[PDB]
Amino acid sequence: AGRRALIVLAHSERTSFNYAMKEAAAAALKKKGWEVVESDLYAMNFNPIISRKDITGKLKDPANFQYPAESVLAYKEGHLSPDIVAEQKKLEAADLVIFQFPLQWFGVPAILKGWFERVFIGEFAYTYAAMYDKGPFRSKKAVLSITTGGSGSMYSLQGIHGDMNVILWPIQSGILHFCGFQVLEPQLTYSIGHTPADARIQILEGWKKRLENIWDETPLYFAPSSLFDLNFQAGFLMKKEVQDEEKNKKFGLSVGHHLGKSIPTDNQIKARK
């Protein structure tokens, strides 16, 4: 089960609803016996920009700096910037990771985007040989608790912004699941700036109620990596048998693997698929 939790918050104001939601999760989990650690990016004045400075020492090839290779090497040899390592330790010690943030330009705040870029270093957070379900964080679970200015209807299939499931895909599949994370249902609190005070109090309590049993939840469905030929040769394309079999399925496997057919309803919002 789950015993330790990491709450990554990306909001500058201690007076925001996001901070309240972070406080609610901390209280709720602790009161349930969990150990809670925080990564309040702004309060920590976190540096989100990847650079050659992330490697405390000489680079393998300063004449042509390539961050991927250099950062992985620094990782292996233990030359990663201290601030990066400290976060990597929080990740390794955590069973549950909660990402609390306000949706910004249909994605995560830049400070958090940068946190992934500098913290999710190769070898540590992933390998091309163990992508997705086989990733390093397979024993861990992640959840996005998001707040927005736009109303839920704006994000429905007929809303002007379009399906929220598409917006979540690059984050939940491309970032979290790629590293092995079992991704749980996102906590979506729409139009928080247009919500009555009593309703907000209920949102907080609802979030705490869910956290009581968060670890017994069934995670989102992503196509298993066993359906693909995971080698540079086949170009990591679906196995031909799976393709043929899939040809007789009404729905695609997920948002990203829609295969040109109907995307399973709320594939990135609701579990059981």
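In case it trips you up, residue 1 is the first one in the sequence shown, and so on.
In this crystal structure, the stretch out of 184-192 and 126-134 whose C-alpha atoms carry the higher mean B factor is 126-134. Look at the C-alpha B-factors of 150-158 and of 102-110. On average they run higher in 150-158. Comparing the listed residues 40, 35, 54, 70, the entry records the largest Cα B-factor for 35. The entry assigns its greatest Cα B factor, within the set 44, 220, 63, 50, to 63. When the modelled residues of the chain are ordered by their C-alpha B factor, residue 165 lands in the lowest third.
Remark: residue 85 belongs to the lowest third of its chain, ranked by C-alpha B-factor as recorded. When the modelled residues of the chain are ordered by their C-alpha B factor, residue 117 lands in the lowest third. When the modelled residues of the chain are ordered by C-alpha B-factor, residue 250 sits in the highest third. The PDB entry assigns residue 139 a C-alpha temperature factor belonging to the middle third of its chain's modelled residues.
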